[PDB]
Structures are given as structure tokens and as C-alpha cells.
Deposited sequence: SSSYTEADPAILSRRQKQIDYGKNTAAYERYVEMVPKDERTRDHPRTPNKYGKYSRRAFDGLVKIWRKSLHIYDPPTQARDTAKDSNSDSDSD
């Protein structure tokens, strides 16, 4: 993917990532998975990539829903 430079898009997309990193599922995710994480393994959406608005948001929707494997 080809990097994004606009802070008005990066700061916002960074925000959405923190929200998912705030959850207890993400904290129970990193604590149990050491970057050998495959796909199918829910993965943080690439902030620097070239995505449309509805496009990146939709990846966050599925990311946040996907994270909820925990207790």
C-alpha cells in the first residue's frame, strides 16, 4: 500500500484504532498472540493505506466486532 500523509485523515484513523485497542479483548489479544497471527486472527486495519471513507470505516466496523473474542 502507498502511504497517506494528510494528518486530518491519519489522526482520525489513529483515533479509531485506539478505540479498539482500549477494549479488554485487544488486551487479551496481544497477551495471547505473539505476531505469528494469521488471517481469519483479527488484525488492525492499515492506517497508511489508500482507502475510501465508507471503505476504511467498514474495516473498523468488522475489526471491532471481530475483536470480541475474550471474557
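According to the record, no C-alpha positions are given for deposited positions 1-2, 43, 75-93, numbered from 1.
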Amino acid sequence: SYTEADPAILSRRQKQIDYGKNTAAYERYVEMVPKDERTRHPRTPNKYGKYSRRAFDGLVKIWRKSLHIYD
From here on, numbers count along this sequence of modelled residues.
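Taking only CA atoms, the mean B-factor in the PDB entry is higher for 28-36 than for the other of 28-36 and 42-50. Residue 1 sits in the highest third of its chain by CA B factor, as recorded in the PDB entry.
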